[PDB]
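**Q** Let me give you the structure first, and then I'll get to my questions.
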Amino acid sequence: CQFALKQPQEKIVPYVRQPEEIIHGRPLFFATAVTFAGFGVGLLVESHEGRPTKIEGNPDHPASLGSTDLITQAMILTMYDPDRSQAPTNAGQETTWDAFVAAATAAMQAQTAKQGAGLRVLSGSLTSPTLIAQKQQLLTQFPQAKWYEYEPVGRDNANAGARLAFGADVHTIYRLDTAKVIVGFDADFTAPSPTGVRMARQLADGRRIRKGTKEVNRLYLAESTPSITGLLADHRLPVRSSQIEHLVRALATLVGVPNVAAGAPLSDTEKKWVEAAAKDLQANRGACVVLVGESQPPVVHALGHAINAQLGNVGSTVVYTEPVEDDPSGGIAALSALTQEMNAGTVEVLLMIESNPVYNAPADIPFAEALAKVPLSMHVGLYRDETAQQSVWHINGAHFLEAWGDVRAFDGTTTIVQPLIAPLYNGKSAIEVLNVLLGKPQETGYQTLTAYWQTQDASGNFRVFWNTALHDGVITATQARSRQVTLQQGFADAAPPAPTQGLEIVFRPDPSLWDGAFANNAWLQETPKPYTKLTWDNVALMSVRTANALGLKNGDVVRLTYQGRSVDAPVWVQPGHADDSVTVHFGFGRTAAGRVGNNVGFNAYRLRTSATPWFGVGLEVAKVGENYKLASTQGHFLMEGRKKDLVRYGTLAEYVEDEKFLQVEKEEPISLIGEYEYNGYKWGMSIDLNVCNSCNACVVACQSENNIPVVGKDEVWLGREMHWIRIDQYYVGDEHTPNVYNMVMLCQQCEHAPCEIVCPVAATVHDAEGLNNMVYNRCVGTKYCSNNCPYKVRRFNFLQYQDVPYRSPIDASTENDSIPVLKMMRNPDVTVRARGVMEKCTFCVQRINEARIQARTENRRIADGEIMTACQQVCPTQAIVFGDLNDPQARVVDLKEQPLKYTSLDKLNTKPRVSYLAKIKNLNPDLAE
Amino acid sequence: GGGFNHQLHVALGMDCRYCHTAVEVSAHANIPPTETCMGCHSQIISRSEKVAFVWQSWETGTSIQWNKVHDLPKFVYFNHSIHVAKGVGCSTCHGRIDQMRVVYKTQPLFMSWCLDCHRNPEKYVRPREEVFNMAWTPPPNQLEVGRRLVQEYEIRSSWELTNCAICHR
Amino acid sequence: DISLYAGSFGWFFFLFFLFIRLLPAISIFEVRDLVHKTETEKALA
Amino acid sequence: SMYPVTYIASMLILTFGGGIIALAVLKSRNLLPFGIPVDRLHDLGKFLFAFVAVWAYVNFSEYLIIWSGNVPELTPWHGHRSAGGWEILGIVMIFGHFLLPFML
Amino acid sequence: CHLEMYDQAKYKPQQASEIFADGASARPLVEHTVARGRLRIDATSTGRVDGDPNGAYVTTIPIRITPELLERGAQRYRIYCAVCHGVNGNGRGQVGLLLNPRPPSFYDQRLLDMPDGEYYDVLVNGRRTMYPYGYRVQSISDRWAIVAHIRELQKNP
Amino acid sequence: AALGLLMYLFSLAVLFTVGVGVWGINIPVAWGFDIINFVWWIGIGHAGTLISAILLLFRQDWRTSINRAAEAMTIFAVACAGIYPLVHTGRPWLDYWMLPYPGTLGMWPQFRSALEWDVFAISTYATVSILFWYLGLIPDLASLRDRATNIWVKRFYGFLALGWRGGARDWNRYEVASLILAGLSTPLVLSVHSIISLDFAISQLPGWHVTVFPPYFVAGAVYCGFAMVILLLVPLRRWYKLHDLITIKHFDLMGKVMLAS
Ligand code: HEC
Ligand code: HEC
Ligand code: HEC
Ligand code: HEC
Ligand code: HEC
Ligand code: HEC
Ligand SMILES: CCCCCCCCCCCCCCCCCC(=O)OC[C@H](C)OC(=O)CCCCCCCCCCCCCCCCC
Ligand code: SF4
Ligand code: SF4
Ligand code: SF4
Ligand code: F3S
């Protein structure tokens, strides 16, 4: 409770030397990129005045055509995270940077007498050209040094299955522009994977249902765990994940591949799925693809190319190129190769750059105890991870918005990582750290970055290239060229083993938290996991069949014992899941993540094996718990007969025969309450639920943009999550194998808004532009408006929801004290709500006002693509489309005329301003029934 | 220290956009940096205790902590460059800055004053060219001349301009 | 919610026990009537 | 609901208005077996007056509810009875049914 | 009275900061970064033959001098330069008479043969005594419009 | 009762300081005990005026003994019901915004929401059932003053009973002021728990938009209210020796009006 007769004397500090580019009060977007798995995503970040505020996709980048990921969106909080490392630590004791260079260059001179024998490095699957080129200088200045690449989720099998089927290593580039039939076994390709944004848009661009569409992608998915690809999957099949490895062997025998030698008979329903898929891939041969996820063994990815090249997809859909990353022979096998070298004391200088393997170890590779058997073990990470607890040195991280580096996306399009801000704490990124090891410490990151690109630029001048490389970000001059392949057969000649019986633990990365490197990110943790709306919890998902067998509920706490190691995990029954198998999420139980992901339980990394690192059939469940919180946001996961108001579904079998087959013909509803005219801009939105794969990137995009506060798990279980936009899974019918549909629910900006007539002080009123205006300051916290809101979109700041993972909201001694590091990630044109103030999806008025005012200043009108809401230009699939409804040539008023257009709860005349499109899901004739 | 009297500085012919450059282009009318003040005071009255605070801000990297006199509550989201573009001169909100040795509030920023011109802009809207002319006294017929400038500028109605989203975004 | 509702009966009985002790817990002149009204009806009978 | 209740509050106006009507036609022609006490005629007048207030309490609250949240299933009643000339009989209910016999 | 959201945990276009050494909340741009709208490598955005800092300057103004731009130049010259170079360009501004190496008037043979590049170079980077402008103009259209008006001030000595 | 008040002022000091979210109210159900107890506590107070005011219309005499023990029961059931709409708001300090006042910013309360009619029903119900209760006391506080025989106690009631004096004309002005106030507190409490009824019936919710809420919330307030009148009079009849005034016929008739409701 703050009170004063006068607000304090707010100061106005100008610059000391204002840059020629900073106009105070204007976004000034930059062009950088983010190493997700070594591959770039090509960002375009809002740099208000030196500091970044909001991360957006660079529309010129191939890995993100203007829309970002879920992790990639919330990585503006990972930077403005008060738990980020602020100074190097020598043996736990905080120390200076120049003290590290004194003891790092002294180790190089001790690693020079010996010909660089103990200078092992544990970076994680880097594709950066300037980091590769400094890896080259480090391995020739020290010839015996080795560089082990270990990413816990990266292409360990797909890169070892590419050279298992082709000889040398290749880097496949799947293209879904021309792909009528996708059959991706365990393929979570619309996932946080490096190609996840493009493979979500190129797959959505095939299922753009319009007034006259007749051909749509099919996407047969075959996956044990329900995933964000299974939403767009039209025939998803819950498989054990031990049958996938011989479910592709069955498809590679229907399609004619010579020596597959399939085995382990499939099923009555898994076989009917593999005949209908193969009979669908033999048709439209040139326009099809057979994807394979990462969980599968390398012999399956070898068959993924044995079928793709058999259907003639090479050169058309699947394109093999030079490997973008430096060495694809690293990963689980390179981590064990180094750990066996850290044992017996061969390693003397171990620079673990960003891998964090003390946490990410498969629990068979004993990296935790192999560490400290070395004399000097460095680390350069933005968080003091579980390695920094055990390593000697720990250099600060220099998060990618503060580091002068580069990336190389898929297909090789390098993007110069562009530091928006100078590092909040002295950064010393992976390039500024190898400069210490190479012997050039005082040479900054930007100096080596151009000292490498001046060599790689032979065409024309440099400042006409370097600044053009910095402006677009995309250099697109190092495009990974194609490579002729051979597909040497006989790789599947080895017979499949005897099928093992027992419950199977399938290891999966968490959609939101990929591999635990972002566990302290409160935004992508509060964000509900896609199918199970849990927020702050890692669970053991089971199908309803394989939990009624064990007598398990949605709240018990089982003890997953897989090959001797027990984990004591919760349980959450997931209807779409597969029989006799559980899944796990990678990256939750972190002893030293920070203050956010510090004790979110169930570290699933301590159950792997490094021989069965993605799925294994030796699990014993044996429940040892009774009750757990398991804060999930949704509540009821069933369409309780309320179709026509929730996500309406159909099929293309009955859409070509009747376009308006789910648009109910209703007369003009009588409305006593007047009628207002909006002759200005009529701001409306048209969501296409056919392509909403629950990526949850729009959930974080509304958090990064609208200063939405994180809530603790203790208050999300109470149903007090602040999320102006939410995606709703609904699980229609047949709880063993249910179809799942999304209706992304936000504030419909109702013209006859019932939530407005019910505010006593008249806080929430409508607009002359046509959108419900929530006024956070006139809100006295009556909270009645939500009770009148039919959709329950309005969220209420019950307690002082602000910096909540860093200060528990149930206190009030610090509720007026704000974290100074967090005050920068907040949008400078959205109100940071106090407690007792309701909020809702305001169509991003912070973007409508700043653009209308720029239009009225210039005496012109708003262009159709000028006002993109935060959730519209972040959705990879481009489901959300926002724009003027009065502008007749707009992509919304030409999108609200589709035969699938409907509004939620039209039985009560709210005149919702968002109008969802139905989910037409292209069922096969000979596979449905 | 020194205080920066506007009356002495504008009297040198400074057209009010020398400093405050971000007006008429951005939402926030900027305060000039140390380089602007040191643009002249590097040799105008350097080595004087009245101006030794921009030198203390120029040698040291610290920026000047100007006390804000027009202090809106940060949930209101004022926007210059649309009042300056729709013919609302620098007076009538800031008062005669040319006669201000120390800047003080003249209009108390009530929201009964912001809505008073949003509900009725014709009482204060002036020509676009005479916006940075602080000697502008409204004519005896301010209405039916400001009424005529409303259609000339297409300034929106009292229904579109006072609806909780203009301010309070 | 419990410590406010069950405490609301405190604010009810804090005032209701003050009213009993300070003020007449039952009307006096209205009970002076219905006594004058009972004798007025007993007068005829 | 309260559609059968807005009749009940109007069943009590007719039987009380008719009670004063029938007691007057019987007293104007001198047919009553008892002279109407002027204080108990004031009781029938207080009942008649209190039930024009209850009738206006049940008809308006039936409208104030359906008008406020205009769910198009409850709306067609007051929607058809407020347009096309039925609003003339609607504004009579507000003024000639309540406000005129409430002030009188 | 209640200051609930009067001061919010976010950095508006200008207000003090409690994290950085010079409390600014407006951090300096990193030295060699290029924004999305600010490329500045051609003869237009910088007055050099191909954008090279070791270039040869531009003799004619690159942008097309439309008649509505000279009134934008004469209005922008009257704002920035006229306070210290004089309204008519003869270096007799009210502040110019008080600078010790007094601003050089135009209409002298040294500044007529001086190319539009220098007139733009000092308008963006300043001189040995004139502090750098271009963070005040901040727009290439008005940056060359000022040079256009000074190009037409010299049309009547 | 005072230790119950220290729990009241501490559950309020914890609510004002920590927040309105220490109540377990979710986002679907944002209205929990704070409004269940508001409608309940104000519902209790409605059958204290049906005894004191609505029965004065019917000139009935089983209301005289139970008059003040129910009329004073209303006020203290409004003093505990008039706090929840002032405290269930997330920002209680800005509860003056629900009042119409020229306030240097052109905002006024809405006057389309029943939380804005509540602050006009609760505030009227308070300052009318207080005045009609203080009206019913000036003759009694004149009886307490004349029978006190204790200076500074006779002065206390002599100050509350302003100058009552009895009076032939002062009693006629009282009989018309008490009849009209009874004739005004009959449509008041028929509307106060009808306006409180309308903060559910103006919402489009399925269980809330039931149109018969006004003549059923009022019927519920008279129902729960007489229960509280009986709960507070069986002890006042037994412990306080008022067997000669609150006779069993009062409970026989209160049990019937509690049944007719
Ligand atoms: C050139 C256009 C100037 C700019 C830019 C700034 N100032 Fe200035 N200032 C200028 C002159 C010609 C004078 C008077 C010269 C003299 O001999 O007095 C001043 C004076 C001041 C003063 C002192 C006022 C007084 O009455 O003595 C102060 C405190 C001052 N100036 C402050 C100041 C600041 C803060 C500036 C940056 C916004 C600034 N000046 C710029 C000329 C110019
Ligand atoms: C540089 C010499 C300036 C000129 C020319 C103008 N202004 Fe200014 N202004 C300047 C500074 C350094 C400051 C902050 C110092 C202070 O005393 O506040 C200001 C401030 C204002 C303000 C108030 C800002 C606030 O803190 O709320 C106003 C309203 C203002 N200035 C108006 C204004 C006008 C109308 C001008 C043209 C005559 C003008 N300024 C010119 C620097 C300079
Ligand atoms: C009424 C519509 C105004 C007009 C016309 C001008 N100004 Fe303004 N000014 C106004 C307000 C309500 C505020 C405070 C709002 C806030 O959040 O800051 C200001 C403030 C300034 C400032 C300081 C801004 C800051 O430091 O944050 C300056 C420098 C300023 N104003 C300058 C200025 C000039 C030069 C104007 C004429 C073109 C002018 N203002 C007009 C309200 C209004
Ligand atoms: C009369 C002198 C005014 C005062 C006092 C305030 N404003 Fe204003 N404003 C005025 C005009 C003539 C206009 C142009 C409207 C148009 O559509 O052209 C404006 C505009 C704004 C805007 C932006 C309009 C939009 O389309 O979003 C904003 C955000 C705004 N004004 C804010 C604002 C505030 C906060 C004020 C009180 C401190 C205020 N204005 C006062 C005229 C006048
Ligand atoms: C620009 C003309 C505005 C419009 C349109 C609206 N508001 Fe406003 N508001 C504006 C200003 C300049 C201020 C500051 C007043 C002050 O005392 O400094 C305000 C303030 C408020 C407040 C007070 C908030 C507080 O914490 O005390 C409220 C409650 C408020 N405004 C409400 C409100 C509503 C509901 C509006 C749309 C119907 C609205 N305002 C429009 C400027 C402007
Ligand atoms: C007072 C602060 C000035 C302002 C405003 C402008 N100029 Fe300037 N200028 C000033 C000085 C003190 C000098 C002398 C430079 C030196 O050698 O000491 C100058 C010089 C120039 C020149 C000539 C440079 C040369 O080497 O011959 C040019 C072409 C020039 N100035 C241009 C210019 C423009 C375009 C301005 C408006 C943005 C401007 N000046 C303003 C002082 C001041
Ligand atoms: C239970 C209550 C509701 C009853 C039912 C409804 C009937 C309501 C009848 C009208 C009463 C409404 C009261 C609303 C008061 C709002 C004033 C306020 O809150 O100011 C806020 C601010 C913190 O304060 C300020 O900005 C200034 C603070 C100082 C002045 C405070 C004035 C308060 C009034 C008391 C007067 C005391 C004398 C003051 C003397 C000078 C003090 C400095
Ligand atoms: S609408 Fe939301 S859930 Fe759907 S694709 Fe876009 S961001 Fe993802
Ligand atoms: S959809 Fe909900 S939040 Fe949006 S205007 Fe309607 S009632 Fe309000
Ligand atoms: S429009 Fe913006 S604020 Fe509204 S729901 Fe979408 S992302 Fe969130
Ligand atoms: S109804 Fe009214 S005042 Fe606040 S939270 Fe809900 S708006």
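Within each chain, counting starts at residue 1; across the structure tokens, chains are named A, B, ... in the order shown, with ligands numbered 1 upward in that order.
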Taking only C-alpha atoms and all ligand atoms and a cut-off of 6 Å, can you tell me which residues surround ligand 4, written as a PyMOL selection string?
**A** (chain A and resi 849+852-853+856) or (chain B and resi 76+78-79+82-83+86+88+92+109+111+113-114+117-118+121+124+155-156+166-167)
**Q** Would you save the residues of that selection, restricted to N, CA and C atoms, as an mmCIF file, in the first residue's frame?
**A**
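Wrote it out as result.cif, contents follow:
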```cif
data_model
loop_
_atom_site.group_PDB
_atom_site.id
_atom_site.type_symbol
_atom_site.label_atom_id
_atom_site.label_comp_id
_atom_site.auth_asym_id
_atom_site.auth_seq_id
_atom_site.Cartn_x
_atom_site.Cartn_y
_atom_site.Cartn_z
ATOM 1 N N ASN A 849 -2.234 2.404 -30.864
ATOM 2 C CA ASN A 849 -2.112 3.831 -30.597
ATOM 3 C C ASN A 849 -0.832 4.396 -31.196
ATOM 4 N N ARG A 852 -1.572 4.470 -35.036
ATOM 5 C CA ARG A 852 -2.578 5.452 -35.426
ATOM 6 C C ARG A 852 -2.057 6.869 -35.230
ATOM 7 N N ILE A 853 -1.373 7.118 -34.112
ATOM 8 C CA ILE A 853 -0.830 8.446 -33.847
ATOM 9 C C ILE A 853 0.267 8.783 -34.846
ATOM 10 N N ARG A 856 -1.908 9.675 -37.939
ATOM 11 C CA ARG A 856 -2.529 10.993 -37.874
ATOM 12 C C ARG A 856 -1.490 12.103 -37.931
ATOM 13 N N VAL B 76 -0.836 7.176 -18.281
ATOM 14 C CA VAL B 76 -1.656 8.047 -19.097
ATOM 15 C C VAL B 76 -1.179 8.111 -20.546
ATOM 16 N N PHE B 78 0.817 10.190 -22.578
ATOM 17 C CA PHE B 78 0.761 11.387 -23.394
ATOM 18 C C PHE B 78 1.544 11.167 -24.679
ATOM 19 N N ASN B 79 1.183 11.925 -25.708
ATOM 20 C CA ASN B 79 1.802 11.747 -27.014
ATOM 21 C C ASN B 79 1.936 13.122 -27.659
ATOM 22 N N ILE B 82 1.448 14.690 -32.017
ATOM 23 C CA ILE B 82 0.084 14.721 -32.516
ATOM 24 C C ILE B 82 -0.689 15.920 -32.000
ATOM 25 N N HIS B 83 -0.258 16.540 -30.905
ATOM 26 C CA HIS B 83 -0.740 17.873 -30.580
ATOM 27 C C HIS B 83 0.022 18.916 -31.380
ATOM 28 N N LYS B 86 -1.367 18.544 -34.932
ATOM 29 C CA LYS B 86 -2.744 18.980 -35.106
ATOM 30 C C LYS B 86 -2.962 20.406 -34.622
ATOM 31 N N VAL B 88 -1.677 22.326 -31.919
ATOM 32 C CA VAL B 88 -1.800 22.652 -30.504
ATOM 33 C C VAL B 88 -0.428 23.140 -30.062
ATOM 34 N N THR B 92 -0.534 26.874 -23.831
ATOM 35 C CA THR B 92 -1.850 26.309 -23.519
ATOM 36 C C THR B 92 -1.741 24.962 -22.808
ATOM 37 N N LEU B 109 -2.682 19.482 -15.129
ATOM 38 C CA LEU B 109 -2.819 18.147 -15.720
ATOM 39 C C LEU B 109 -3.873 17.328 -14.970
ATOM 40 N N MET B 111 -6.916 15.934 -16.135
ATOM 41 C CA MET B 111 -7.779 15.105 -16.974
ATOM 42 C C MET B 111 -9.171 15.720 -17.093
ATOM 43 N N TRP B 113 -8.853 18.852 -17.715
ATOM 44 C CA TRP B 113 -8.220 19.798 -18.619
ATOM 45 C C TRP B 113 -7.780 19.147 -19.919
ATOM 46 N N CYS B 114 -7.339 17.892 -19.864
ATOM 47 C CA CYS B 114 -7.023 17.165 -21.087
ATOM 48 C C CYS B 114 -8.290 16.809 -21.847
ATOM 49 N N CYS B 117 -10.045 19.945 -23.831
ATOM 50 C CA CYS B 117 -9.700 20.211 -25.220
ATOM 51 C C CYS B 117 -9.935 19.008 -26.118
ATOM 52 N N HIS B 118 -10.002 17.802 -25.566
ATOM 53 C CA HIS B 118 -10.374 16.670 -26.404
ATOM 54 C C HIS B 118 -11.867 16.681 -26.698
ATOM 55 N N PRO B 121 -11.779 20.796 -29.087
ATOM 56 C CA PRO B 121 -10.468 21.310 -29.509
ATOM 57 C C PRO B 121 -10.520 22.691 -30.116
ATOM 58 N N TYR B 124 -8.863 25.823 -28.411
ATOM 59 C CA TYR B 124 -7.424 25.975 -28.234
ATOM 60 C C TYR B 124 -6.596 25.635 -29.461
ATOM 61 N N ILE B 155 -9.298 16.943 -37.092
ATOM 62 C CA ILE B 155 -9.228 16.538 -35.695
ATOM 63 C C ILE B 155 -10.507 15.808 -35.327
ATOM 64 N N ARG B 156 -10.359 14.631 -34.725
ATOM 65 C CA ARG B 156 -11.487 13.744 -34.507
ATOM 66 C C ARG B 156 -12.456 14.334 -33.487
ATOM 67 N N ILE B 166 -7.203 6.749 -26.053
ATOM 68 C CA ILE B 166 -6.334 7.862 -26.415
ATOM 69 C C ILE B 166 -5.244 8.001 -25.365
ATOM 70 N N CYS B 167 -5.646 8.311 -24.142
ATOM 71 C CA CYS B 167 -4.770 8.172 -22.999
ATOM 72 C C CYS B 167 -4.986 6.788 -22.397
#
```
**Q** Within 9 Å of ligand 1, counting only C-alpha atoms and all ligand atoms: which residues, as a ChimeraX atom specification?
**A** /B:1-10,12-14,18-19,31-41,44-45,48-54,64,101 /E:80,83-84,94-99
**Q** Compile the residues of chain A that lie within 8 Å of chain E, evaluated using only C-alpha atoms, and express the compilation as an MDAnalysis selection string.
**A** chainID A and resid 1:7 10:15 18:25 28:31 48:51 418:422 463:464 467:468 470:472 777 818 820:829 831:834
**Q** Take the residues from that selection and write them out as a PDB file, in the first residue's frame, keeping C-alpha atoms.
**A**
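Okay, this is what ended up in part.pdb:
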```
ATOM      1  CA  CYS A   1       0.000   0.000   0.000  1.00  0.00           C
ATOM      2  CA  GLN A   2       1.689   3.147  -1.310  1.00  0.00           C
ATOM      3  CA  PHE A   3       0.259   6.567  -0.465  1.00  0.00           C
ATOM      4  CA  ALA A   4       1.513  10.134  -0.748  1.00  0.00           C
ATOM      5  CA  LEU A   5       0.072  13.616  -1.078  1.00  0.00           C
ATOM      6  CA  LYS A   6       2.290  14.068  -4.150  1.00  0.00           C
ATOM      7  CA  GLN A   7       4.082  11.566  -6.340  1.00  0.00           C
ATOM      8  CA  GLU A  10      10.494  11.873 -10.954  1.00  0.00           C
ATOM      9  CA  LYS A  11      13.764  12.739 -12.670  1.00  0.00           C
ATOM     10  CA  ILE A  12      14.317  13.196 -16.397  1.00  0.00           C
ATOM     11  CA  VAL A  13      17.861  12.167 -17.304  1.00  0.00           C
ATOM     12  CA  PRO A  14      18.757  12.814 -20.944  1.00  0.00           C
ATOM     13  CA  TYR A  15      21.738  11.246 -22.647  1.00  0.00           C
ATOM     14  CA  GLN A  18      22.688  11.207 -27.728  1.00  0.00           C
ATOM     15  CA  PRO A  19      23.277   8.760 -30.602  1.00  0.00           C
ATOM     16  CA  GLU A  20      22.329   9.821 -34.114  1.00  0.00           C
ATOM     17  CA  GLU A  21      19.760   6.983 -34.213  1.00  0.00           C
ATOM     18  CA  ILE A  22      17.935   7.166 -30.858  1.00  0.00           C
ATOM     19  CA  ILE A  23      14.738   9.206 -31.012  1.00  0.00           C
ATOM     20  CA  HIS A  24      13.251   9.093 -27.526  1.00  0.00           C
ATOM     21  CA  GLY A  25       9.913   7.316 -27.624  1.00  0.00           C
ATOM     22  CA  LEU A  28      14.168   1.215 -33.317  1.00  0.00           C
ATOM     23  CA  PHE A  29      14.044  -2.489 -34.132  1.00  0.00           C
ATOM     24  CA  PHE A  30      17.368  -4.298 -34.581  1.00  0.00           C
ATOM     25  CA  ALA A  31      18.297  -7.459 -36.498  1.00  0.00           C
ATOM     26  CA  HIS A  48      13.854   1.236 -27.268  1.00  0.00           C
ATOM     27  CA  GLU A  49      16.872   3.240 -26.094  1.00  0.00           C
ATOM     28  CA  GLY A  50      19.926   1.013 -26.165  1.00  0.00           C
ATOM     29  CA  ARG A  51      18.119  -1.729 -24.288  1.00  0.00           C
ATOM     30  CA  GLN A 418      23.919  -8.017 -33.135  1.00  0.00           C
ATOM     31  CA  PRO A 419      24.249  -6.736 -29.558  1.00  0.00           C
ATOM     32  CA  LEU A 420      21.378  -4.380 -28.872  1.00  0.00           C
ATOM     33  CA  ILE A 421      22.749  -3.360 -25.474  1.00  0.00           C
ATOM     34  CA  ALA A 422      26.212  -3.333 -24.025  1.00  0.00           C
ATOM     35  CA  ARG A 463      31.017  -1.576 -45.127  1.00  0.00           C
ATOM     36  CA  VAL A 464      28.524  -1.984 -47.977  1.00  0.00           C
ATOM     37  CA  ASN A 467      26.159  -3.048 -42.657  1.00  0.00           C
ATOM     38  CA  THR A 468      23.883  -4.774 -45.163  1.00  0.00           C
ATOM     39  CA  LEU A 470      23.746  -6.175 -40.027  1.00  0.00           C
ATOM     40  CA  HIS A 471      20.649  -4.458 -41.429  1.00  0.00           C
ATOM     41  CA  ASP A 472      18.877  -7.504 -42.846  1.00  0.00           C
ATOM     42  CA  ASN A 777      -6.066   2.906 -13.275  1.00  0.00           C
ATOM     43  CA  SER A 818      10.759  -3.453  -7.926  1.00  0.00           C
ATOM     44  CA  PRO A 820      15.810  -2.862 -11.140  1.00  0.00           C
ATOM     45  CA  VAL A 821      17.023  -5.418 -13.682  1.00  0.00           C
ATOM     46  CA  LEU A 822      13.464  -6.490 -14.516  1.00  0.00           C
ATOM     47  CA  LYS A 823      12.262  -2.918 -15.111  1.00  0.00           C
ATOM     48  CA  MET A 824      13.955  -2.924 -18.530  1.00  0.00           C
ATOM     49  CA  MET A 825      12.193  -5.921 -20.102  1.00  0.00           C
ATOM     50  CA  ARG A 826       8.877  -4.157 -19.476  1.00  0.00           C
ATOM     51  CA  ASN A 827       7.267  -2.408 -22.415  1.00  0.00           C
ATOM     52  CA  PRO A 828       7.525   1.380 -21.986  1.00  0.00           C
ATOM     53  CA  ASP A 829       4.006   1.846 -23.372  1.00  0.00           C
ATOM     54  CA  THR A 831       0.878  -0.108 -17.838  1.00  0.00           C
ATOM     55  CA  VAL A 832       2.622  -2.277 -15.252  1.00  0.00           C
ATOM     56  CA  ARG A 833      -0.475  -3.162 -13.255  1.00  0.00           C
ATOM     57  CA  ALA A 834      -0.568  -2.829  -9.481  1.00  0.00           C
TER      58      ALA A 834
END
```
**Q** Just list as a VMD selection string whatever in chain C DSSP marks as alpha helix (DSSP H).
**A** chain C and resid 2 to 5 8 to 22 29 to 32 36 to 44
**Q** Set the distance at 9 Å and use only C-alpha atoms: which residues neighbour stretch 19-23 of chain D once local chain neighbours fewer than 4 positions away are removed? I'd like the list as a PyMOL selection string.
**A** chain D and resi 14-15+27-28+32+36+41+44-45+48
**Q** Give as a count of residues only every residue of chain F that touches chain C within 6 Å, counting only C-alpha atoms.
**A** 15
**Q** Quick check: residues of chain F within 6 Å of chain A, only C-alpha atoms, returned as JSON, numbers by chain.
**A** {"F": [18, 19, 20, 21, 26, 27, 89, 90, 91, 94, 97, 98, 109, 110, 112, 113, 115, 116, 203]}
